[PDB]
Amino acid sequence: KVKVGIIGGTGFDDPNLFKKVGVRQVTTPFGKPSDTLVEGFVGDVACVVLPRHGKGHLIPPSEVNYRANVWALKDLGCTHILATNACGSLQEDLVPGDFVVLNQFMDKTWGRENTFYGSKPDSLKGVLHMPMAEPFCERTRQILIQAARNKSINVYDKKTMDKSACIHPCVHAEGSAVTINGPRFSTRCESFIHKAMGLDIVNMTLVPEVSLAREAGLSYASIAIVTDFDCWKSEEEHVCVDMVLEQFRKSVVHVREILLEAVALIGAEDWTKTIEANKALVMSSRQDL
């Protein structure tokens, strides 16, 4: 059957999503995960929760062992990963309190281990060139959107709905993220350049987590929590740590509701062909073979 890993960002250190069955420590060919993993059940759906930044939020986005976290969830038999990401908005219609079910990204990270395969010692032998045109699992994306509908959260889809139909607080049914390396926030100059490229939000944690998930043969979807307008607007709306966590409290209640419904909706369907296609995509991407 299925088993859903949850990767919690800011505000989701120990989200108490179910009734904790146990705590498990996993070892990985790529090092230790950010923390031990909490195993349990949402309904009768197996679920495991892993905080991205560890215990007391001591691991910055740039130094998170994304390889170990994803592989640990794969090792425990996860078929899916749902992840949360706090983010700043680059557009007027994405406002604090909204959420975004991302479908695209632009990568500006560096110095992070972004692949399981290579020639280095602590890498799997081989060369893996994975396609990433649409880098998320689309079925799992639509689960997150449907979970929002089931919880009476407004859903805004810019592909068919105009900006006059956008009703806050809402889940944006698509969106593109630029992932910066951190730990600093962007300059106004960088923020305007990203905006001019058409990007919707900026975060620090999406990449390479999303890429490694696909490399691992797992279905991955992310829901971003809009906490601020980055720094392209007026000075009082400029992002800081205080502003990011201030918006978060009312949002985490709704995000947790979305995540819990999504896990149940995943367990209500058959994923046999999707899981097989995920694994076959990894094999067809090996260019050493």
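Throughout, we count residues from 1 along the sequence that is shown.
Once the C-alpha B-factors are averaged per stretch, 7-15 and 267-275 rank with 7-15 first. Taking the mean C-alpha B-factor of each stretch as recorded, 125-133 and 100-108 are not equal, and the higher mean is that of 125-133. The entry assigns its greatest Cα B factor, within the set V48, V42, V64, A262, to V42.
Looking only at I223, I258, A68, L58, the residue with the top Cα B factor in the deposited structure is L58. In the deposited entry, the Cα temperature factor of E190 sits in the bottom third of values across the chain's modelled residues. Annotation for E209: C-alpha temperature factor in the lowest third relative to the rest of the modelled chain, per the entry.
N85: CA B factor lies in the highest third for its chain, per the PDB record. Sort the chain's modelled residues by C-alpha temperature factor and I143 lands in the lowest third, per the entry. The entry lists a Cα temperature factor for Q91 that places it in the middle third of the chain's modelled residues.
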